[PDB]
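Participant:
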Amino acid sequence: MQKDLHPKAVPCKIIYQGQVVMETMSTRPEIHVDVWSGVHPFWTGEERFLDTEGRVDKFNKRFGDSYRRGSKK
Amino acid sequence: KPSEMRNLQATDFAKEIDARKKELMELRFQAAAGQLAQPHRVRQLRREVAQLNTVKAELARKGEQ
Amino acid sequence: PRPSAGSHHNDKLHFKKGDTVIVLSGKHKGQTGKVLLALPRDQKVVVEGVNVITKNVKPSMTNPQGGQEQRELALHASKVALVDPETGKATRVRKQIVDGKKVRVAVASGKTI
Amino acid sequence: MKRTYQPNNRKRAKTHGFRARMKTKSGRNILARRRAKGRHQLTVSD
Amino acid sequence: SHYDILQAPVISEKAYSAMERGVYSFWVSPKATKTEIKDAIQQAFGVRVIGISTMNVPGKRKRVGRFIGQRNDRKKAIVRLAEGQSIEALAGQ
RNA sequence: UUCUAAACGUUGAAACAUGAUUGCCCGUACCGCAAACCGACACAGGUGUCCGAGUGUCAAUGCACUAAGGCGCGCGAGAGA
RNA sequence: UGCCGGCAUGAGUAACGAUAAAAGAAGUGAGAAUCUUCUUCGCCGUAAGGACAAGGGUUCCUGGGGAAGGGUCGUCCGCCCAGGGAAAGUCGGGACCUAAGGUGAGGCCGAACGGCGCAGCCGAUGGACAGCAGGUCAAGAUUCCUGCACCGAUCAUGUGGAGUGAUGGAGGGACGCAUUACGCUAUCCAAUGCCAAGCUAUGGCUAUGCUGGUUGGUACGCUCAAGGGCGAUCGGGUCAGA
RNA sequence: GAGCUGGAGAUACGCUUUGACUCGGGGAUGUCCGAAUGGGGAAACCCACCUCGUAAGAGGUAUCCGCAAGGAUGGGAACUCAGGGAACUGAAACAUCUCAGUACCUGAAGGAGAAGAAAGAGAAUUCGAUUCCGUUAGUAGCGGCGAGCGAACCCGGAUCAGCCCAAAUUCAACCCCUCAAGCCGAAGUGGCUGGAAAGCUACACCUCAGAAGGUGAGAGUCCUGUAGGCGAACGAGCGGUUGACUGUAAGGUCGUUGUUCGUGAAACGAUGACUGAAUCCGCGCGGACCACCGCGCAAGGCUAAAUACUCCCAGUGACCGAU
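Protein sequence lines, in the order shown, are assigned to chains P, W, X, F and H. My numbering runs 5 ahead of the 1-based position in the first sequence. My numbering runs 659 ahead of the 1-based position in the second sequence. My numbering runs 5 ahead of the 1-based position in the third sequence. My numbering runs 4 ahead of the 1-based position in the fourth sequence. My numbering runs 1 ahead of the 1-based position in the fifth sequence.
(1) F:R25 and F:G31 - do their beta-carbons sit closer together than 7 Å?
(2) Out of X:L44, X:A95, X:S30, X:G35, state which residue places its alpha-carbon closest to the alpha-carbon of X:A10.
(3) Please name the residue in H:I79, H:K77, H:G23, H:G60 whose C-alpha comes closest to that of H:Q71.
(4) Looking at the C-beta of W:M664, does it have a partner C-beta in chain H at a distance below 7 Å?
(5) What does H:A9 reach in chain W if we use C-beta pairs closer than 7 Å?
(6) Are any of the Cβ atoms in chain W nearer than 7 Å to that of H:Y17?
(7) Using a Cβ-Cβ distance cut-off of 7 Å, determine whether W:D677 contacts chain H.
(8) How is H:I42 classed by DSSP in three states: helix, strand or coil?
(9) Are there three or more Cβ pairs, one per stretch, closer than 8 Å when the segment 18-30 of chain H is compared with the segment 76-85 of chain H?
(10) Which residues in chain W have a C-beta closer than 9 Å to the C-beta of residue 1 of chain H? List them in chain order.
(11) Given a cut-off of 7 Å on the beta-carbon distance, is the pair X:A86 and X:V26 in contact?
(12) If you measure between the beta carbons of P:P16 and P:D62, is that distance less than 7 Å?
(13) Just grab the DSSP bridge partners of X:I27 for me.
(14) By alpha-carbon positions, which one of X:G35, X:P8, X:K21 ends up nearest to X:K84?
(15) For X:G38, count neighbouring Cβ atoms within 10 angstroms of its own Cβ and tell me buried if that reaches 16, exposed if not.
(16) Is the CB of H:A92 under 7 Å away from at least one CB in chain W?
(17) If contact means a Cβ-Cβ distance below 8 Å, which residues of the segment 12-38 of chain H contact chain W?
(18) Based on the DSSP secondary-structure assignment, which residues constitute the bridge partners of X:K39?
(19) Any idea which residues DSSP pairs H:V48 with across the strands?
(20) Near X:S12, which residues of its chain fall below 6 Å by C-beta distance, leaving aside the five closest residues on each side in sequence?
(21) Grab the span of the alpha helix (DSSP H) containing X:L78 for me, first residue to last.
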């Protein structure tokens, strides 16, 4: 709700569960971790169909400078 | 009554309610109303303008469209 | 409720107002069934069959007397119906004259009233 | 002295009283967690 | 309308015992206020009303041993009536 | 009762005296620091608000008793090892 | 050593509840000790009074019957049964303002749910009466009878003869603690002040020995302001209370 | 159908045989709350402000998207995913793990959405559109190398059907055809112990229709079903020729999730910052790479049919029996 980025976003997956110094060599490792996270982009923008305020993204402005909807600022 | 206003729009029945439904409420009372008389001549003529205000908002809807 | 009726007889027996019949099923066999109104949807019927005895009190109302005639019991139809004669041949057949309200013609040995 | 509750239920109106599960959308299903979810009537109007 | 509020008496023993000067007690509708209950009792019956009252009185029908059975709310409208409309016979004693 | 802009405003808009006129539905009855409201029940539990006669007594709401008022409380007698 | 349903036995003993006295005449009838008409007793009476606060919702009544309940029971209940009883322009909600906090389209951000917040509504006990005492049945009262206050109110005439519309800054309603008295009656107390219903073999007195009973706001006065703060016609805010 | 409106079946009151009494379908008075939303906002309750108007009172007030109206958001018992994410247990305890992506949260629409026509599976030098179960393979692998999870190679049917971003659908006549009120539906009786016995006995009739059942003792000749077939006004419902429309514009490295693969002796979904090359006999991989073959080509979706579901309407089962 004017929270997540208008584009496509990242959240709703992503966990961890890595080890601690041991990657197949001398002694079979334990485990030690098994938890949650998530990712989000950034700001800066102008206009596209349906104005409200602005959230945009990161990897959504770089080449995101063609598929407009009516702007020229 | 009867079904005579199936062909009469001109506000005459406008005060038709004032007829029997004026002092039959004075016969709808307790005692000296009708226990052994003709008890039925109350809400047996109280649908006198009810179920008759149908096709009155589905017929009388004749305004101009 | 006082389970009597005999409403487990199923409402399709045709009977109405005004008719002359006999009886069976026992108890009497000497009783010309007749007149009556019947009660579709749960039916009461006694005719002069069973001579009850059921004294009502005698308050200060109007009754003061008792009686000993005309009163409820049980036993619906299923005795001896139809046939001006007495037995054999059904009757539920009806002229192609509509008027189900009182269609009149019965079976071969039937009557039209 | 003070019991553990006592009368006056304002926080069972505009919070947890009939129509107060919209303020908390995922409470609407909670409101609907004993009506459109399983048998039984409700618990706010006896 | 001019009549579609007026509805029934009140019948009491201390009515025309305490309700003789002219005052009655009516039997209105759940609709309180007062900008209807009056001109109802104002027409071809030669009786005029003013000084209306309106009160309340609930119901209470706790009958079965358990508790299943109750209310009816309902109201009434006392009024007043000064010198100007006595009786000349009608339907009330 | 403290102050007005567009506009409103010159013969009428409002503040004045007066006859006339108004505050709508709900409670306004019961016990109420109360065996009847919460303690599994009419169990010797329970906290707010207003008055609060009296002589006597430094004051005294401690302390005796009558108002008004509440009242013998969910019992009764004997013999009372 | 289960679970419910019923019968159990602890057994007829312990116990009837705070040990804060009661007898009786008489109503009634089914007999009456705890009802009722009542003279005597005593416990509380800053109470175990009456009203307001929460509550129970059917308490209160016209009363009515034991199946059962009030841990005796009973002709008492607020058990159970129909009806009756809390009459509004000013005591009560809102609309006129508000601290915790909740919420608030846009928005500040969050994986969604959402958290929160600008213009806001709420949320309170809260700022807001301009009548007091009498006449009231079965129960209700400042709404019902009487002398009585009107805040702004519904129209129109008569000094005004011309003013006025927003969130307001005002003066101020915006009060912390404690002391001292410089004020005060209802209410209370001095009763023979006013008028007396009248007095007891008690012994004793009939008279300065004696039961009891007698004001209220609307109103306003060098016989109500006891007591606390100086008032007005000329010029300007060397630039904002948008 | 002609009679009486559900349990305190309610006595009464009242209406009949060209429509009282029950009703089939297309509509309507529709109170406070539900999205309900004038405001208050603790379901049954208090306010402004404009249209109306015999002095009273009648027409209504809330956000989002083509924006200037309007259209939509409500509550849902099991069907797909997605944001979604632990966990007691086991390994005889015991962080990789099994549960798994499971409990729960949140978003969507139809009662169908979900994969489903492609830079493809296979492997003799074959085969096309997803899924399910049938058989394999319970194989290969995985793996504190531990319990354990577990495809592809050969198989069945429902189905073995076309096209999408820059060079069909909408009202209707007719309809095989469904939906409740409803229409008829068969064919003999006497006597006893006794409640009329369908038990003892006696004979005919009914037959494509002889399942449950009510009327005091199990009845085909008392009756409702079953075989034979019908029903309009309203509409859907599976529709058949056609009228008002026009049916052909990214690989990769490092850190990792999945997949059977706990990740390492392996390409393949994709992300955290970096590379937008190839650009056609060029390009994607056969489980890293060399050599040769095999097939498919940036680029966006539709695909009904079965697989998996179970609110309702007939009918159906070697169950219970009203703790």
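The beta-carbon is built from N, C-alpha and C at its ideal position, and this holds for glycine as well.
Facilitator: Quick answer:
(1) Position 27 of the fourth sequence holds residue 31 of chain F. Position 21 of the fourth sequence holds residue 25 of chain F. A contact, by the Cβ cut-off of 7 Å.
(2) Position 5 of the third sequence, counted from the start, is the residue given in the question as residue 10 of chain X. Closest option to X:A10, Cα to Cα, is X:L44.
(3) Working through the fifth sequence from its first residue, we reach residue 71 of chain H at position 70. It is H:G60.
(4) Counting from 1 along the second sequence, the entry for residue 664 of chain W is found at position 5. Residue contact with chain H for W:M664: absent (no Cβ-Cβ distance below 7 Å to any residue of chain H).
(5) Taking the first residue of the fifth sequence as 1, we reach residue 9 of chain H at position 8. Within chain W, the residues near H:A9 are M684, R687, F688.
(6) Translated into positions along the fifth sequence, residue 17 of chain H becomes position 16. The Cβ of H:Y17 sits no closer than 7 Å to any Cβ of chain W.
(7) Counting from one through the second sequence, the residue named residue 677 of chain W turns up at place 18. The beta-carbon of W:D677 is placed less than 7 Å from the nearest beta-carbon of chain H.
(8) The residue you call residue 42 of chain H lines up with position 41 of the fifth sequence. H:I42 falls in the helix class under three-state DSSP.
(9) With a cut-off of 8 Å on Cβ pairs, the segment 18-30 of chain H is in contact with the segment 76-85 of chain H, counting three or more such pairs.
(10) It is not possible to answer for residue 1 of chain H, since the shown part of chain H is limited to 2 through 94.
(11) Here residue 86 of chain X is taken as the residue at index 81 of the third sequence, counted from 1. Here residue 26 of chain X is taken as the residue at index 21 of the third sequence, counted from 1. X:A86 places its beta carbon less than 7 Å from that of X:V26.
(12) What you label residue 16 of chain P is simply residue 11 of the first sequence in a count that begins at 1. What you label residue 62 of chain P is simply residue 57 of the first sequence in a count that begins at 1. Inclusion of P:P16 and P:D62 in the CB contact set at 7 Å is not warranted, their separation being larger than that value.
(13) Locating residue 27 of chain X in the third sequence gives position 22, where the first residue counts as 1. Residue pairing of X:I27 in beta bridges, as defined by DSSP: X:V85.
(14) Within the third sequence, residue 84 of chain X is the residue found at index 79, counting from 1. Scanning X:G35, X:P8, X:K21 for the CA closest to the CA of X:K84 turns up X:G35.
(15) As a position in the third sequence, residue 38 of chain X is number 33, starting the count at 1. It counts as buried.
(16) To locate residue 92 of chain H, count along the fifth sequence from 1; it is residue 91. Yes, because at least one Cβ of chain W sits closer than 7 Å to the Cβ of H:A92.
(17) Cβ proximity to chain W below 8 Å picks out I12 from the segment 12-38 of chain H.
(18) Here residue 39 of chain X refers to the residue found at position 34 when the third sequence is read from its first residue. Answer by DSSP bridge pairing, in chain order: X:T25.
(19) Start at 1 with the first residue of the fifth sequence, and residue 48 of chain H comes out as number 47. H:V48 is bridged to H:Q44.
(20) On the third sequence, residue 12 of chain X is found 7 positions in, with the first residue counted as 1. Counting only Cβ-Cβ distances below 6 Å, and skipping sequence neighbours, we find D47.
(21) Walking along the third sequence from the start, residue 78 of chain X turns up at place 73. Unbroken run through X:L78: none, as it is neither H nor E.
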